[PDB]
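Report on the following structure.
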2 protein chains.
Amino acid sequence: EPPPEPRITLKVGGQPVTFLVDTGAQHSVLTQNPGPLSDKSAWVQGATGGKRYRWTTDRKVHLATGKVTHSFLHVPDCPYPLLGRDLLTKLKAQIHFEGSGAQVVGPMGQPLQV
Amino acid sequence: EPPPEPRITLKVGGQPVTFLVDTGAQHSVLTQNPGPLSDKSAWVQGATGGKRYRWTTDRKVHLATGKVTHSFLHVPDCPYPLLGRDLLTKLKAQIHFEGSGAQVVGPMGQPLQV
Ligand SMILES: CC(C)[C@H](NC(=O)[C@H](C)NC(=O)OCc1ccccc1)C(=O)N[C@@H](Cc1ccccc1)[C@@H](O)[C@H](O)[C@H](Cc1ccccc1)NC(=O)[C@@H](NC(=O)[C@H](C)NC(=O)OCc1ccccc1)C(C)C
Ligand code: NA
């Protein structure tokens, strides 16, 4: 069962993750069997309350133009992974609701060759 | 208090409301001075938990694509209003990540701000 649109699949640590593309997330989120965790945590404020969640250690993430090293919040209270403004800035993504559904493309309108 | 980019100010119930444009919000949210409330409520799942919130009564929302009626979730636990997929679908918005921020444009590529 995929997250709602807009969504995108990126390779994280070598394997695909399908994210909800989330302009309301300050940083990107994993939710399940996230791999090695840092000892560090962040305070996460959600719509209904806040508490702390652990940072992953660094992950290799395949974007359209290159790999990047990036860390994620591990938030098992979230229903699916969230690709937030941290990674939307690196992708220079555009999100379009004026077509069929909501679609996510690259900086020149290109389906992200990711 | 003021939301990060991408953000947009809309007239809602005759007053300006500055929203975080939130592709991760299934429904749009008002946080302070929501106007009259209905006794209808909904369960909201946030990133860190869930809680029941009330719906506002109907508001006129002045979208660039034309004014419509919409009702909002009143979520006073949220730090700023959220413009979610329910209204982004009506606005047929595009959201463009460029530089360190993000801008909102209309269905025919007209900027809706700046
Ligand atoms: C994911 C978080 C990191 C994010 N929080 C933050 O960004 C805050 C301000 N930042 C912060 O915590 O900083 C972290 C940090 C620290 C150090 C370094 C870097 C980062 C967030 O909760 N963002 C949310 C918006 C928001 C923004 C600011 C403050 C509070 C909320 C949504 O975009 C985000 O997409 C969530 C993710 C999500 C998706 C699905 C489930 C649970 C959570 N959606 C939502 O919370 C919305 N829920 C939903 O869309 C759910 C799926 N549907 C729902 O409840 O249905 C309502 C319904 C009503 C009636 C009929 C049918 C349905 C909510 C606003 C309505
Ligand atoms: Na659409």
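Note on naming: chains are A, B, ... as they come in the structure tokens, residues start from 1 per chain, ligands start from 1 in the order shown.
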
Q. How close is chain A to chain B in C-alpha RMSD after a least-squares fit, all Cα atoms in order?
A.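 The C-alpha RMSD comes to 1.7 Å.
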
Do me a favour and pick out the residues of chain B within 8 Å of chain A, using only C-alpha atoms, as a short mmCIF file (atom, residue, chain, number, x, y, z; two decimals) with C-alpha atoms, in the first residue's frame.
data_model
loop_
_atom_site.label_atom_id
_atom_site.label_comp_id
_atom_site.auth_asym_id
_atom_site.auth_seq_id
_atom_site.Cartn_x
_atom_site.Cartn_y
_atom_site.Cartn_z
CA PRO B 6 6.57 27.21 0.94
CA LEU B 20 2.45 26.54 5.40
CA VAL B 21 1.75 24.84 2.04
CA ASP B 22 1.66 21.23 3.24
CA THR B 23 1.55 18.41 0.78
CA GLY B 24 1.58 15.99 3.75
CA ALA B 25 -1.70 17.29 5.16
CA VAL B 44 -6.27 13.45 13.23
CA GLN B 45 -3.18 11.27 12.92
CA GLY B 46 -0.03 13.36 13.31
CA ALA B 47 3.62 12.31 13.05
CA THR B 48 3.90 11.74 16.81
CA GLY B 49 0.44 10.53 17.79
CA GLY B 50 -3.25 11.28 17.21
CA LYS B 51 -6.09 13.31 18.77
CA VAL B 75 -5.88 22.15 15.54
CA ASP B 77 -1.70 22.12 18.92
CA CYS B 78 -0.24 23.12 15.53
CA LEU B 88 -3.96 22.40 -3.25
CA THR B 89 -6.06 20.21 -5.57
CA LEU B 91 -5.84 25.68 -6.51
CA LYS B 92 -4.03 23.31 -8.93
CA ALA B 93 -0.83 24.71 -7.42
CA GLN B 94 2.76 24.01 -8.34
CA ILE B 95 5.44 24.24 -5.68
CA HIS B 96 8.97 24.93 -6.84
CA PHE B 97 12.07 24.32 -4.76
CA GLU B 98 14.76 26.86 -5.76
CA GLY B 99 17.70 28.29 -3.86
CA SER B 100 17.17 27.56 -0.15
CA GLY B 101 13.42 28.11 -0.27
CA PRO B 107 -1.97 26.07 -12.66
#

Q.
Using DSSP assignments from the backbone, pull out every residue in chain B that falls under strand (DSSP E or B) and give it to me as an MDAnalysis selection string.
A. chainID B and resid 7:12 15:21 29:30 37:45 50:56 59:63 66:70 73:74 82:83 94:98 101:105 111

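Closest approach to ligand 1 among B:57, B:65, B:15, B:31: B:31, based on only C-alpha atoms and all ligand atoms.
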
Q. Between atom CA of residue B:8 and atom 11 (C, counted along the ligand's line) of ligand 1, what is the spacing in Å?
A.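 Calculated distance between atom 11 (C, counted along the ligand's line) of ligand 1 and atom CA of residue B:8 is 19.6 Å.
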
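For residue A:30, the non-local neighbours within 7 Å, defined as residues at least 3 positions apart in the same chain or in other chains and counting only C-alpha atoms, are residues 34, 72, 73, 74, 75, 81 and 82 of chain A.
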
Residues just named, written with C-alpha atoms as a PDB file, in the first residue's frame:
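Dumped to selection_35.pdb:
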ATOM      1  CA  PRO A  34      15.663   1.990   9.670  1.00  0.00           C
ATOM      2  CA  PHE A  72      16.868  10.661   8.648  1.00  0.00           C
ATOM      3  CA  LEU A  73      14.595  10.867  11.645  1.00  0.00           C
ATOM      4  CA  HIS A  74      13.330   7.494  12.672  1.00  0.00           C
ATOM      5  CA  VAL A  75       9.671   8.124  13.571  1.00  0.00           C
ATOM      6  CA  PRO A  81       8.278   7.709   5.192  1.00  0.00           C
ATOM      7  CA  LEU A  82       8.274  11.443   4.501  1.00  0.00           C
TER       8      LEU A  82
END

Q | Filtered DSSP result for chain A, state helix (DSSP H, G or I), as a list in words | A |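 Of chain A, only residues 85, 86, 87, 88, 89, 90 and 91 of chain A fall in helix (DSSP H, G or I).
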
Q: Calculate how many Å separate atom 59 (C, counted along the ligand's line) of ligand 1 from atom CA of residue B:42, rounding to one decimal.
A: 5.0 Å

Q: Determine the nearest neighbour of ligand 1 from the options A:114, A:71, A:9, A:35, counting only C-alpha atoms and all ligand atoms.
A: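 With only C-alpha atoms and all ligand atoms as the atom set, the closest residue is A:71.
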